[PDB]
Amino acid sequence: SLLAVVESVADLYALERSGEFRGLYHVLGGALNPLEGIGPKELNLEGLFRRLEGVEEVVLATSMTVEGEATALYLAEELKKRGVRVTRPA
Amino acid sequence: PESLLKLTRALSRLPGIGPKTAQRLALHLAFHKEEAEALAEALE
Amino acid sequence: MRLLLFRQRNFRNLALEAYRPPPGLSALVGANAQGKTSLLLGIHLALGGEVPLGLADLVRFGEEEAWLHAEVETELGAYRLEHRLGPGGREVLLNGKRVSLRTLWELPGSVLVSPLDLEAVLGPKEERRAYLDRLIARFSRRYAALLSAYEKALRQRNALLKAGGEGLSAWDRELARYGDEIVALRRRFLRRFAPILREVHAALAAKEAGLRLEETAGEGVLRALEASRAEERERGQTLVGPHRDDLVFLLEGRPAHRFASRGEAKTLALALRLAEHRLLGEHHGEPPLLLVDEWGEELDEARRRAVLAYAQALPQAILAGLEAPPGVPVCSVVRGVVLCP
Amino acid sequence: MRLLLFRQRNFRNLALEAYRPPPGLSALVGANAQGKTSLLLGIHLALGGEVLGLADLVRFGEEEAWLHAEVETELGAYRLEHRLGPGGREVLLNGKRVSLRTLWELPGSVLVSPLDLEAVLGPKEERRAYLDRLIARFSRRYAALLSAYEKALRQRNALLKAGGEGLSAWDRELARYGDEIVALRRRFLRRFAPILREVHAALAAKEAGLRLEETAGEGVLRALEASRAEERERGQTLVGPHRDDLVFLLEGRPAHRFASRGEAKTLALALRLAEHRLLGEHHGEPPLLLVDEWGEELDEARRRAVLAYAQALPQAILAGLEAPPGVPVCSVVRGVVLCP
Amino acid sequence: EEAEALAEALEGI
DNA sequence: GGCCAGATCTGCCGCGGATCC
DNA sequence: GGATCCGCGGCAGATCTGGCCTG
Ligand SMILES: Nc1ncnc2c1ncn2[C@@H]1O[C@H](COP(=O)(O)OP(=O)(O)NP(=O)(O)O)[C@@H](O)[C@H]1O
Ligand SMILES: Nc1ncnc2c1ncn2[C@@H]1O[C@H](COP(=O)(O)OP(=O)(O)NP(=O)(O)O)[C@@H](O)[C@H]1O
Ligand SMILES: [Mg+2]
Ligand SMILES: [Mg+2]
């Protein structure tokens, strides 16, 4: 009953291959940068909001670029508005 | 620490090691005296 | 630190075999278009520095490859550096094997003085800010990383603001994460740097010198950003941050780019360079090599005498000009050959 | 044309009462921070020159500045006065208030400063601006043509950037202005070069020349037509007189990449002297020449050549740290000028 | 020679 | 070989100073 | 004395050179 959010399938397979943990896995459309016009609508945030039921913990496995940090901040703000304790990797 | 000066000078001349690399090697050899005695006795 | 030998082949208009400067104060004498600047530039580039000139214009007319070779010994031990300048690009061979240029960043190196510093002192705001950034960047890489991250975040937020709307607080927090760190680092460096400059300049002239840095966001980036929303909406650009600071040099409490003559500005530039040399020497433990070009051109007798007195107490230095200082070893340059009587 | 007398009050750190230069070559000698540059700048301003902020030329803790000059040209003497302060400049000619455009007709003076090197060792924009202002100093149509071309280009770029529309008249206007600007530039540069070459040959031993690069040498319309795809793609006009380049050559090589300090200084001085000679041959009588810090970065031969060339001028004033040999000299100490 | 210098210096440490 | 760091170049906007009625 | 215009310092966005890591 653990959920993680990832940019793309590549990091999904990279994280699952090492196999530290097993849980529900989610993939986004991509990063969040306004230079080439990708807003929240162009991503799959709507789909993520359907299945918050039964979730007790969510971890945001996101890249180290500035776009990744902005996406993580936006997701943390939104989930805190809904209300779920969140964590991020070191 | 004045003794290590001669070791650093000797290690600096050999090719492939920079001036800072020699100090690092000498420091790594200071507290690993097990292999250090063997290293001196390796060729002699 | 001490230089022992310098050899070259097909560099600018130079034509020589070897040059062995003595330990201590030295000098060079030559007429117009002889090669003093070329020799100093070659030494600076050989010891791992950065030359403002383009790479493709550092070779002779007709040839296609250049060679540089220096032999320097330090408190640790002797080693040899070698550069192969050519069409492909620079390559470095420390003691005989390929070495990345970033490795030489840990070596003592050398500092070069040229009228470019004088131009930078009397320049616009952006040139002064760039000079401060480049000066601070030589003491840490974290500063460069923070600058790159801040620039990327600022570009992202400006692009978002220029057209349309979206989540905005995230980018605000992202930019404020770096602005405060940059401001704190700048404040600490200036606090550590000012007194050395003051005491160095006190030995070259009679007036007072100082520094000043005014900040648009002193209390915090977030508070200043939330207090100028209307101006941002009207203009369409960010108006607050470390990328809009102002640095001013003061002579007797007045700006130096409006109330200064040539001699005072040149003295200020030399004082800044000497203070940087002293700080770097304290940082690395062994002071670097000092190279001065056109030491006493636009100065009167008293200032020249004061300049010569200060450079006599340094470990090793090399001065160049059209006249020979009294009481120092002198070498002559004629059409590219250096002969020492 | 002779500058008979010059007075001032509350101008920078000057604290003199009168200064009477003699005919022919003269000299000024002083140490650092004494007021040679201030005196030369005041003399330049008094005759209707260009310069420092207008509010920064007043002495510390004061509000009013006064400059007065008396010149006796060939036809007849006349006086000038300047008032500086918070309100602004008040130029009056011989008692009657008048604008600066009237003084534009008078000969004036030429000032040589260390600021002229950047026209040689600077980027493309600085060289283009220097050429533009040098041409504008001789003709009045050039400024109007430049302003009209700038406005037309701004309108065309603004229209092109925001989507698309009909671009027929803007191209016609741009071509109609560029075809005249380029022709005027060519006509001026065809005559300017030989004088500069001769002057530099007199001053030094190498050879100097000029090179102008034109993107649209046959027609603005055809150049615009032959680049429409990339013009629409990038969104900016890529041809026209506003993208030409000017290069100074020493022995057939660019000066901003190979020349040294002495060669660049000699080239700048030669350019200024050529401009002075052209102005003298155009207006009718040579203007007064002012040279500041004449002989620092030059060797013995170059200094001797410069002095020999300057010896033949109707009037000149030189300032520097060392007195030239064989000429009258005046010293400056803490802002006051005293003469033997 | 050069190697022998290293050999004798190693005994000191 | 392929991606990024950092300096140089070009055009647009707001501000100061001269001119007019 | 009010008002239109002309010129220049200041800043953001696009290009381009030379060094680097991965393989
Ligand atoms: N790549 C090059 N190949 C050959 N000659 C060159 C090259 N670059 C510059 N020169 C020449 O070298 C001379 C400039 O040398 P430089 O080292 O600048 O002289 P300098 O002694 O500093 N002179 P100065 O500072 O003017 O008193 C000039 O004659 C140039 O034409
Ligand atoms: N507005 C001012 N009010 C009062 N004093 C001033 C003002 N501007 C400059 N000064 C003083 O005048 C000095 C500059 O004088 P300046 O005329 O430039 O000297 P100079 O003889 O040309 N010196 P140098 O070119 O260095 O050999 C400054 O250092 C101040 O002491
Ligand atoms: Mg030189
Ligand atoms: Mg001066």
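Protein chains in written order, with full-length UniProt numbering: chain Y, 78 to 167; chain C, 4 to 47; chain E, 1 to 341; chain P, 1 to 51, 53 to 341; chain X, 37 to 49.
Quick reminder that beta carbons are idealized off the backbone N, C-alpha and C, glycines included.
Assuming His-44(P) and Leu-272(P) are in contact, meaning their beta carbons sit under 8 Å apart, how far apart are those beta carbons, in whole angstroms? Rounded, the Cβ-Cβ distance is 18 Å, inconsistent with contact.
Residues that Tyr-19(P) bridges to, as DSSP identifies them: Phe-6(P).
Between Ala-265(P), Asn-95(P) and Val-328(P), which lies nearest to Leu-251(P) when the distance is taken from Cα to Cα? The candidate whose alpha carbon is nearest that of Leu-251(P) is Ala-265(P).
What is the DSSP secondary structure of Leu-25(P), reduced to helix, strand or coil? In this structure, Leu-25(P) counts as strand in the three-state DSSP scheme.
Against chain E, does residue 72(C) count as a neighbour if the rule is that its beta carbon must be under 7 Å from one of theirs? Nothing about residue 72(C) can be reported from this structure: the residues present for chain C run from 4 to 47 only.
Select from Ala-78(E), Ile-136(E), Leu-279(E) and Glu-82(E) the residue whose C-alpha is nearest the C-alpha of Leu-47(E). The shortest Cα separation from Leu-47(E) among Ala-78(E), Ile-136(E), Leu-279(E) and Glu-82(E) belongs to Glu-82(E).
Out of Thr-11(C), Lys-36(C) and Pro-22(C), which one is the CA nearest neighbour of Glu-106(E)? Comparing Cα positions, the closest option is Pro-22(C).
List, in chain order, every chain E residue whose beta-carbon is nearer than 8 Å to that of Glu-264(P). For the C-beta of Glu-264(P), the chain E residues within less than 8 Å are, from N- to C-terminus, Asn-32 and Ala-33.
May I ask you to verify whether the stretch 168–181 of chain E touches the stretch 216–224 of chain E, counting CB pairs closer than 8 Å and requiring at least 3? Output reads yes: the stretch 216–224 of chain E touches the stretch 168–181 of chain E.
Nearest chain E C-beta to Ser-6(C) closer than 7 Å, yes or no? Under the 7 Å criterion on CB atoms, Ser-6(C) is classed as non-interfacial with respect to chain E.
Go through the residues and name those whose CB comes closer than 6 Å to any heavy atom of ligand 4, in chain order. Any heavy atom of ligand 4 counts here; residues with a Cβ closer than 6 Å to one of them, in chain order, are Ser-261(E), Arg-262(E), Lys-36(P) and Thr-37(P).
Could you compute how far the alpha carbon of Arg-142(E) sits from the alpha carbon of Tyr-150(E)? Distance from the CA atom of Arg-142(E) to the CA atom of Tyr-150(E), rounded to whole angstroms, is 12 Å.
Below 9 Å on C-beta distance, what does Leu-10(C) contact in chain X? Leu-10(C) reaches chain X at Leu-42, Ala-45, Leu-46, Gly-48 and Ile-49, counting residues in chain order whose Cβ is nearer than 9 Å.
Validate contact between the stretch 311–322 of chain P and the stretch 39–49 of chain X using beta carbons, cut 8 Å, 3 pairs: They do not touch, by the three-pair rule.
Give the range of the beta strand (DSSP E) segment to which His-69(E) is assigned. First-last of the beta strand (DSSP E) with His-69(E): 66–73.
Counting only Cβ pairs nearer than 7 Å, list the residues of chain C close to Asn-95(E). In chain order: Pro-18 and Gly-19.
Would a C-beta distance cut-off of 7 Å place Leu-16(E) and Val-337(E) closer than the cut-off? The beta carbons of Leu-16(E) and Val-337(E) sit closer together than 7 Å.
Any beta carbon of chain C sitting closer than 7 Å to that of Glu-106(E)? For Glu-106(E), the nearest beta carbon of chain C is closer than 7 Å to its own beta carbon.
With a threshold of 6 Å (Cβ to nearest heavy atom), would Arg-60(P) be considered close to ligand 2? It does: the Cβ of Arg-60(P) is within 6 Å (strictly closer) of some heavy atom of ligand 2.
State the beta-bridge partners of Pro-255(E) as determined by DSSP. In the DSSP output, where bridge partners are listed per residue, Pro-255(E) has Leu-250(E).
Span separating the alpha-carbon of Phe-189(E) from that of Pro-87(E): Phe-189(E) and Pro-87(E): Cα-Cα distance of roughly 40 Å.
Could you list which residues in chain E have their beta carbon closer than 7 Å to that of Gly-116(Y), in chain order? The CB of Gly-116(Y) comes closer than 7 Å to the CB of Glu-166 in chain E, given here in chain order.
Going by DSSP, what residue range makes up the beta strand (DSSP E) through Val-292(P)? That run of the beta strand (DSSP E) goes 289–293.
Kindly list, in the order they appear in chain P, the residues whose Cβ is closer than 7 Å to that of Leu-322(E). Ordered by position in chain P, the residues that pass the 7 Å Cβ test against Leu-322(E) are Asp-300.
Secondary structure of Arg-278(E), DSSP reduced to three states: Correct three-state label for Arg-278(E): helix.
Who are the neighbours of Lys-152(E) on chain Y, taking C-beta pairs under 8 Å? For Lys-152(E), the chain Y residues whose Cβ falls inside 8 Å of its Cβ are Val-143, in order along the chain.
Using 7 Å as the limit for Cβ to Cβ distance, is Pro-111(Y) near chain E? With 7 Å as the cut-off, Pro-111(Y) counts as an interface residue toward chain E.
Sorted by chain position, which residues of the same chain lie with C-beta nearer than 6 Å to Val-59(P)'s C-beta, five sequence neighbours on each side aside? Contacts found: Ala-66.
Of the residues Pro-115(P), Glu-119(P), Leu-68(P) and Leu-3(P), the one placed nearest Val-92(P), counting alpha carbons only: Looking from the CA of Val-92(P), the closest CA among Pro-115(P), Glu-119(P), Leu-68(P) and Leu-3(P) belongs to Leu-68(P).
Is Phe-259(P) near ligand 1, with its Cβ less than 6 Å from a heavy atom? Yes, Cβ of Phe-259(P) sits closer than 6 Å to a heavy atom of ligand 1.
Measuring alpha carbon to alpha carbon, tell me which of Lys-152(P), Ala-311(P) and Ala-309(P) ends up nearest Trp-171(P). The shortest C-alpha separation from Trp-171(P) is found at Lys-152(P).
In three-state terms, what does DSSP make of residue 52(P)? Between 51 and 53 in chain P the model has nothing, and residue 52(P) is one of the residues in that span.
Measure the C-alpha to C-alpha separation of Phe-193(E) and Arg-212(E) and round it to an integer number of angstroms. Their backbone Cα atoms lie some 12 Å apart in a straight line.
At a CB-CB cut-off below 7 Å, which residues of chain C make contact with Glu-38(X)? Correct list: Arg-16.
Note down, in chain order, each residue of its chain lying with its Cβ closer than 8 Å to the Cβ of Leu-299(P), except the 5 sequence neighbours on either side. Only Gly-263, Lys-266, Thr-267 and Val-307 meet the Cβ criterion.
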